[PDB]
Every structure is written in structure tokens, then in C-alpha cells.
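Heads up: the structure comes next, in C-alpha cells.
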Amino acid sequence: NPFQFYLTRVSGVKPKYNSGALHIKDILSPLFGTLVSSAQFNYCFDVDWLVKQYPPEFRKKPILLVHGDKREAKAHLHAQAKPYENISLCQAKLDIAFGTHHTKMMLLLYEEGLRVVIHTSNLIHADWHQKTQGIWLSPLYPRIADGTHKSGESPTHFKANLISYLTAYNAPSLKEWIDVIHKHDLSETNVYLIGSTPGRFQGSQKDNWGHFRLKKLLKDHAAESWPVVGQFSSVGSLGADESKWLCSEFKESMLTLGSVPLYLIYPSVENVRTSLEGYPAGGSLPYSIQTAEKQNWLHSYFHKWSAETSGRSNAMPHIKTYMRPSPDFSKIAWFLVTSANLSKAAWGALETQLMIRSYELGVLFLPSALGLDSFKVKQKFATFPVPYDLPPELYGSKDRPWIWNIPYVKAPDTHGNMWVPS
């Protein structure tokens, strides 16, 4: 399979929906290779749980947790790690206010080579239980034979791009991982890396990250009434109206190729209420009332979560995807899976300079990287496995976007419960 794009396993659905799916234990299994050390980039960790995901034989191998926690949260993370002397931590610098280290990535070094995993899940039980999450698995990258003189670079420039991403942390513990990558052959990589890193970027550096990075790749490597579809689990404040950022800079970047319809997929209250988890699913869809009330104009772009194609309509989405389907949705010009949600913090906002608050990371699937002009959409999850149903379905007149910090008490959920934050 050229894509190596997978969904996580979901408990509570029929086996046929989990046949081509992966659980974290599968990813860290000995069949994937003989582990030497690993790095886990993430936002939230449950260390006890994480260590138990590693095979008993690999549990004592060194692990670097790359996080962005500060002060008491940091102290708590260190406390969690104390019992396992093989674990080290790297605190990603967040020098801009309200940023987060949101990137989800695993670097897995084996006796047999190196694997890179870019995904959407936090390292806590809940994120791998009943949610729709995405995973990209790199090939097993062999080590470069001393004596040979090789870049190990791919036509997508993944190797250099990944090193620039890590270089941006300006972190001692990452240097060893940079040197490790240098030593391996990543030439088989057929995806483009799309990262965000905190900063204010000017001149040419604007194209290095966020939506300008996506824009640059689409211009260089890609009846244009083809819609843009955005699908995510959180929404930041986008402004008083669509012209402030959504339709002006975000949409502009995404429509780039070489009156466009913008469809946004985000679960409604009903989607959450009737999910496998019920309302608690909503603890992982953090759209706040304070933010939403300021931007009701946005909700007219909202579409329901529906994933019959992958048997996941009841598995709330934590994956984030962006794509450009044809007018009839039978094909797509490109597809991106990433940790970036719908917000300026993740994607960047122009100030000229581009301001980004967080670390985010995703991979872009372009037909040209496979020598194609388009991908046909796989109907049932060269044909790209879109994990939700198309076309997207608009919210009904009585639907509301899930907002996590208000109570829902008129209708009980899947488990007979109400939701009362506070």
C-alpha cells in the first residue's frame, strides 16, 4: 500500500471494522523490529499506561518523552516518569503565549533500522479506545552503509524537512535523534512533511511552516470549483467574521493548486450524545462557549460526523484531516492528516510575518509523489482511504456544534447520563 495511512482500533465495533486497524501495542510490537530506543512526542501522557504498551522485552529500552508542560504540570509529568529510570524528558520551549506542544510522533530506532510514526493520538488509554484517530507509518528506513556516500533523501525532501523540524526545538536531547536520522536512508518516503513550530516567520521563512508551508507545496507540486474539506476536533477563535482569517488566509492557502466551497466537519451535540462514549467523548472536543459565542457565523460551515464507510460514526473523531475533493467527491487532489485543529495557533496568522503558537505535525499525500494526478476515493474504507463519508452532511436546523463547557441535561446519552461540567 502506497499510503500507509491507518485508523486506530476501536472497541465496541465489529471486527471487520478493526481488521486493517492498528493499536499502539501493534505499532510497538516485536514484529515491527528489534527496539533499541524510542522517542514519543506528544501533548498528554499516562506513563504507567505508555510503558505497558511496549512489549515486555522492550520496556527497559530508553524512551524520551517530548512534551511542552510547564511548572506544576511539568513537575507532575516528571513524577509520573520517576519509577522508570530508562525514561528521559525534553521540554519543548513554548515562548509564545497560549501555545502547546501538540505534535504526535514516534521515532522508533531498531537494530534493523528506523521508523517514524506521525499520528493524532495522545498517549493515554482513552485516545486509543473508542475514538477515530489517524496514523501514518513510514517504511522501515535502513541505516546508511558506512563507506557509501548517500544523502538518503527522498524526492519529497522528507529527511531534511524532518531534521529542520527537530532542529527548531533547539534541544540537546533531540540532537541525538537528528544524528540518528542523518544516519538512515529515508529515500523511499512518498509523503511531504507539514510542520508548525512556534515563532514569527518573515521573508522566505514564512513558507517553512503552517498554512504557508501547505500553500507552498500545493503551488509547487499540485473546473476548480473543487471544494476544500476540513475536519478537526477543536476550534480556536477565528475572529468576528470569515474574512478575518478563515476565508482570507486559511482558505486561500488550501485552495492553492499549481467561490470555492468550504466544508468543515465537526461533531454536533447529537453526534456526541449518541457516540460509543456518550457525552464524555466531549472531553476530547474542547470548543469553549467563550470562544463559540464570539463567532456564531462559523457554525453555518459545520457538517456532521458520519463515518459509515469505516464503521465509526459513533467513534468521535480526534483525527484531523484536510483535503480537496472533486465536485462529485469521487476523487481528490490531495489529503493531509495532521495534529493541527482549526485555529490560528496551529496554522499561523499573518502579522509581514506569520505567527505560530504551537508545534504541530502532519503528512501530505500528493498524487504527484506517486506519479498520479489524482487519487480515486476508496468507496469502502491508488485509491485513497478517506475515513469518513462523502459528501459531508450539513447540520440540521436543530443541530448545534459540540461545546464542552456547557451542560446538556434535556436528553441522556448512550449511557443514560447527563453532562454537567463544573
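Here's how to read the names in the C-alpha cells: chain A, B, ... by the order shown, residue numbers from 1 in each chain, ligand numbers from 1 in the order shown.
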
- List the neighbours of region 220-230 of chain A out to 7 Å using only C-alpha atoms; skip same-chain residues closer than 3 positions along the sequence, and give me the result as a ChimeraX atom specification. /A:216-217,254-255,257-258,260-265,321-327,368

- Task: May I have all residues of region 325-365 of chain A that DSSP, computed from the backbone, assigns to alpha helix (DSSP H), given as a PyMOL selection string?
- Result: chain A and resi 344-347

Can those selected residues be exported to a file as a compact mmCIF listing (two decimals), in the first residue's frame so that it contains N, CA and C atoms?
# COMPACT_ATOMS: atom_id res chain seq x y z
N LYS A 344 -5.71 29.51 14.68
CA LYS A 344 -4.58 30.31 14.23
C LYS A 344 -3.32 29.83 14.94
N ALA A 345 -3.52 29.36 16.16
CA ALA A 345 -2.42 28.87 16.98
C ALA A 345 -1.66 27.74 16.29
N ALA A 346 -2.41 26.83 15.68
CA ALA A 346 -1.86 25.68 14.98
C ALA A 346 -1.38 26.03 13.56
N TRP A 347 -2.15 26.86 12.86
CA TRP A 347 -1.88 27.08 11.44
C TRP A 347 -1.13 28.36 11.11

- In terms of the shortest atom-to-atom distance over only C-alpha atoms, which of A:334, A:42, A:409, A:169 is closest to residue 374 (chain A)?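 Under the stated criterion, the closest residue is A:334.
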
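For the choices A:96, A:31, A:24, A:10, the atom-to-atom distance to residue 124 (chain A) is smallest for A:24 when using only C-alpha atoms.
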
Selection: 12 Å around residue 292 (chain A), only C-alpha atoms, excl. self and same-chain fewer than 6 positions, as a PDB file with C-alpha atoms, in the first residue's frame:
ATOM      1  CA  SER A 234     -11.032  21.696  18.319  1.00  0.00           C
ATOM      2  CA  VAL A 235     -11.678  25.265  17.152  1.00  0.00           C
ATOM      3  CA  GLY A 236      -9.839  28.411  18.246  1.00  0.00           C
ATOM      4  CA  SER A 237     -11.172  31.965  17.945  1.00  0.00           C
ATOM      5  CA  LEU A 238     -11.091  32.854  14.260  1.00  0.00           C
ATOM      6  CA  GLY A 239     -12.485  36.386  14.506  1.00  0.00           C
ATOM      7  CA  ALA A 240     -15.660  38.453  14.130  1.00  0.00           C
ATOM      8  CA  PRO A 286     -12.624  21.269  23.620  1.00  0.00           C
ATOM      9  CA  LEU A 298     -18.756  29.924  11.671  1.00  0.00           C
ATOM     10  CA  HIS A 299     -21.328  27.305  12.523  1.00  0.00           C
ATOM     11  CA  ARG A 400     -25.508  22.577  17.491  1.00  0.00           C
ATOM     12  CA  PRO A 401     -21.735  22.210  17.494  1.00  0.00           C
ATOM     13  CA  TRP A 402     -20.420  20.333  20.487  1.00  0.00           C
ATOM     14  CA  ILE A 403     -19.323  22.877  23.117  1.00  0.00           C
ATOM     15  CA  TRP A 404     -17.619  21.182  26.038  1.00  0.00           C
ATOM     16  CA  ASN A 405     -18.158  23.583  28.914  1.00  0.00           C
ATOM     17  CA  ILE A 406     -21.933  23.904  28.964  1.00  0.00           C
TER      18      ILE A 406
END

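Note that CA of residue 328 (chain A) and CA of residue 13 (chain A) are 29.6 Å apart.
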
- Query: What lies within 7 Å of residue 22 (chain A) using only C-alpha atoms, ignoring chain neighbours under 5 positions off, as a list in words?
  - Reply: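 Listing them by chain and then by number gives residues 6, 7, 8, 9 and 27 of chain A.
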
Any chance you can output those residues with C-alpha atoms as a CSV table (one decimal), in the first residue's frame?
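After the write, part-v8.csv holds the following:
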chain,number,residue,atom,x,y,z
A,6,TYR,CA,-4.3,3.6,9.2
A,7,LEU,CA,-7.0,4.2,11.8
A,8,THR,CA,-6.6,3.1,15.4
A,9,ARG,CA,-8.5,0.1,16.7
A,27,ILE,CA,2.8,-0.4,16.4

- Query: If we count only C-alpha atoms, what is near residue 116 (chain A) at a cut-off of 12 Å, once residues fewer than 2 positions away on the same chain are taken out, given as a VMD selection string?
  - Reply: chain A and resid 4 27 to 28 32 38 to 41 104 to 110 113 to 114 118 to 119 135 to 141 158 to 159 162 177 180 to 181 184 186 189 193 362 to 363

- Task: Write out as a ChimeraX atom specification the residues lying within 12 Å of residue 150 (chain A), counting only C-alpha atoms and excluding same-chain residues fewer than 3 positions away.
- Result: /A:143-147,153-154,182-187

Residues from last step as file, N, CA, C and O atoms, as a PDB file, in the first residue's frame:
ATOM      1  N   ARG A 143      19.764   1.723   7.666  1.00  0.00           N
ATOM      2  CA  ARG A 143      20.836   2.596   8.082  1.00  0.00           C
ATOM      3  C   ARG A 143      21.791   2.742   6.889  1.00  0.00           C
ATOM      4  O   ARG A 143      21.958   1.816   6.103  1.00  0.00           O
ATOM      5  N   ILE A 144      22.392   3.907   6.716  1.00  0.00           N
ATOM      6  CA  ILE A 144      23.282   4.058   5.566  1.00  0.00           C
ATOM      7  C   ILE A 144      24.622   3.358   5.799  1.00  0.00           C
ATOM      8  O   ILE A 144      25.307   3.607   6.781  1.00  0.00           O
ATOM      9  N   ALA A 145      24.962   2.479   4.868  1.00  0.00           N
ATOM     10  CA  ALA A 145      26.196   1.710   4.926  1.00  0.00           C
ATOM     11  C   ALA A 145      27.444   2.586   4.908  1.00  0.00           C
ATOM     12  O   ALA A 145      27.752   3.221   3.895  1.00  0.00           O
ATOM     13  N   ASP A 146      28.145   2.634   6.040  1.00  0.00           N
ATOM     14  CA  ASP A 146      29.417   3.354   6.121  1.00  0.00           C
ATOM     15  C   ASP A 146      30.242   2.917   4.919  1.00  0.00           C
ATOM     16  O   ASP A 146      30.303   1.731   4.600  1.00  0.00           O
ATOM     17  N   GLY A 147      30.846   3.865   4.219  1.00  0.00           N
ATOM     18  CA  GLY A 147      31.620   3.504   3.048  1.00  0.00           C
ATOM     19  C   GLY A 147      30.853   3.932   1.827  1.00  0.00           C
ATOM     20  O   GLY A 147      31.433   4.170   0.767  1.00  0.00           O
ATOM     21  N   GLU A 153      18.050  11.003   0.933  1.00  0.00           N
ATOM     22  CA  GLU A 153      16.932  11.932   0.802  1.00  0.00           C
ATOM     23  C   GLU A 153      15.869  11.405  -0.155  1.00  0.00           C
ATOM     24  O   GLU A 153      16.193  10.633  -1.058  1.00  0.00           O
ATOM     25  N   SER A 154      14.606  11.776   0.063  1.00  0.00           N
ATOM     26  CA  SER A 154      13.525  11.383  -0.855  1.00  0.00           C
ATOM     27  C   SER A 154      13.196  12.555  -1.755  1.00  0.00           C
ATOM     28  O   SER A 154      13.527  13.683  -1.429  1.00  0.00           O
ATOM     29  N   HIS A 182      20.141  11.340  10.296  1.00  0.00           N
ATOM     30  CA  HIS A 182      21.195  11.564   9.315  1.00  0.00           C
ATOM     31  C   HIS A 182      21.755  10.276   8.838  1.00  0.00           C
ATOM     32  O   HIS A 182      22.082  10.126   7.655  1.00  0.00           O
ATOM     33  N   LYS A 183      21.859   9.336   9.769  1.00  0.00           N
ATOM     34  CA  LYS A 183      22.490   8.050   9.510  1.00  0.00           C
ATOM     35  C   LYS A 183      21.631   7.079   8.720  1.00  0.00           C
ATOM     36  O   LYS A 183      22.113   6.036   8.261  1.00  0.00           O
ATOM     37  N   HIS A 184      20.360   7.403   8.538  1.00  0.00           N
ATOM     38  CA  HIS A 184      19.480   6.469   7.844  1.00  0.00           C
ATOM     39  C   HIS A 184      19.056   6.913   6.441  1.00  0.00           C
ATOM     40  O   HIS A 184      19.165   8.086   6.079  1.00  0.00           O
ATOM     41  N   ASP A 185      18.571   5.955   5.663  1.00  0.00           N
ATOM     42  CA  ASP A 185      18.109   6.204   4.297  1.00  0.00           C
ATOM     43  C   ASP A 185      16.593   6.373   4.288  1.00  0.00           C
ATOM     44  O   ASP A 185      15.857   5.400   4.433  1.00  0.00           O
ATOM     45  N   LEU A 186      16.125   7.594   4.097  1.00  0.00           N
ATOM     46  CA  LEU A 186      14.675   7.847   4.058  1.00  0.00           C
ATOM     47  C   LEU A 186      14.175   8.101   2.614  1.00  0.00           C
ATOM     48  O   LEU A 186      13.108   8.707   2.387  1.00  0.00           O
ATOM     49  N   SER A 187      14.923   7.598   1.638  1.00  0.00           N
ATOM     50  CA  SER A 187      14.620   7.895   0.233  1.00  0.00           C
ATOM     51  C   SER A 187      13.308   7.313  -0.277  1.00  0.00           C
ATOM     52  O   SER A 187      12.752   7.789  -1.268  1.00  0.00           O
TER      53      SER A 187
END

- Counting only C-alpha atoms, the option among A:367, A:407, A:203, A:348 closest to residue 333 (chain A):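 Of the candidates, the smallest distance to residue 333 (chain A) is held by A:367.
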
- Query: Using only C-alpha atoms, which residue out of A:341, A:330, A:275, A:313 lies closest to residue 378 (chain A)?
  - Reply: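 Smallest separation from residue 378 (chain A) among the options: A:330.
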
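The closest residue to residue 195 (chain A), picked from A:151, A:358, A:290, A:19 and counting only C-alpha atoms, is A:358.
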
- Item | Residue contacts of residue 68 (chain A) (7 Å, only C-alpha atoms) excluding same-chain residues fewer than 5 positions away, as a PyMOL selection string | chain A and resi 43+91-94+100-101

- Report the residues of region 226-386 of chain A whose backbone DSSP state falls under strand (DSSP E or B), written as a PyMOL selection string. chain A and resi 228-231+235+262-265+268+302-303+317+320-325+331-338+342+349-350+353-356+359-365+375-377+383-384

- So what do you get for CA of residue 388 (chain A) versus CA of residue 273 (chain A), distance-wise?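 Going from CA of residue 388 (chain A) over to CA of residue 273 (chain A), I get 18.6 Å.
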
- Quick one: of A:142, A:317, A:152, A:33, who's nearest to residue 128 (chain A), counting only C-alpha atoms?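 So, comparing all the options, the nearest one is A:317.
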
- Item | Atomic separation - CA of residue 23 (chain A) relative to CA of residue 11 (chain A), Å |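 So the two atoms, CA of residue 11 (chain A) and CA of residue 23 (chain A), lie 10.4 Å apart.
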